[PDB]
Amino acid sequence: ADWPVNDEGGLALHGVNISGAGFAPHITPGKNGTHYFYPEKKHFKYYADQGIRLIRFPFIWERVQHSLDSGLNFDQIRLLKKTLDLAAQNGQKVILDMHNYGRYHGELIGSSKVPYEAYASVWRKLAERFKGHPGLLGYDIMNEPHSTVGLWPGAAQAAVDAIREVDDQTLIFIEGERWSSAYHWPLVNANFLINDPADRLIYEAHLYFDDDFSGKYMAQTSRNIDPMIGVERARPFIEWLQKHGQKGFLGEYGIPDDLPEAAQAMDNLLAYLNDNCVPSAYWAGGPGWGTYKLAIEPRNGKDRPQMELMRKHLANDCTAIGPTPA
């Protein structure tokens, strides 16, 4: 709905994931500044300066709620509020992403140890904290569910119901099973459907270019990247979206800076996304990435090759989030 817009027209479709509040997730709670990191004004200013108004921001449940019998961590909420504040001051809107893989402290959401009600409450409580914030675009209620033994769809509806008890205005982003793979979407999530009477739900998949779909880009699995593998891995998902009359988001995709074939695949993917008015978020920019080959964070004030590749694709004349249903 209130999707960010570009200055010369169109929508802010193509954004960035920003580190690093979900870093080192096995270390909980860990310490801010050591194990995980939050961005500063420089990051939001840089990406705004590049014409980027969309940000996906991972965090983990374990740092907002250390235990199910505990309330929310005040400082972590304050850190997320700061993130939303700095985004909004720079004309950006943020997707808060609970980067939790269908699990809480390693146990499955929907298991006896982590009931659906515990997930619903945390999202209800989080939505109470951030309801109405100008820099908030919506809630990516779970990153990359996998091996959830049938538990993910019920958990997603429990969180949505709870969120809509307190906030009927924020967008909600729904990922699917099999790590929310875009290529596998029509087979894994063939009959996947969450109920949102607000009509403010978007489905979200991830897509990488290596042979095992993982985005790790190991040497043996990254030797033959077709220039169209990005379009081929997006199309199943887009086609499922069009058939079900639903809106999409490619929440992660990224390439190493040393694979020319990956560059071509990214250019053709973003072009295809634009043709369908489908937004995306590059993985990843922000603090703490060092020389990570996929990182789009500049170094020495030198733009990264992936930022330079993104720029040709920012302009559009879309007025609604797609794809366009049949």
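Sequential numbering from 1, following the sequence displayed.
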Comparing 255-263 with 61-69, where is the mean C-alpha B-factor higher? 255-263
Quick check: 156-164 versus 93-101, which has the larger average CA B-factor in the record? 156-164
Going by the deposited entry, which of 84, 202, 187, 205 has the highest CA temperature factor? 187
Take the CA temperature factors straight from the PDB entry and tell me which of 140, 177, 232, 196 peaks. 232
Going by the entry, which third of its chain does the Cα temperature factor of residue 301 land in? highest
Ordered by C-alpha B-factor within the chain, which third holds residue 183? Give me lowest, middle or highest, please. middle
Residue 110 CA temperature factor, ranked by third within the chain: middle
Relative C-alpha B-factor of residue 76, binned into the chain's lowest, middle or highest third: lowest
Pull the Cα B-factor of residue 218 out of the PDB entry and bin it into the chain's lowest, middle or highest third. highest
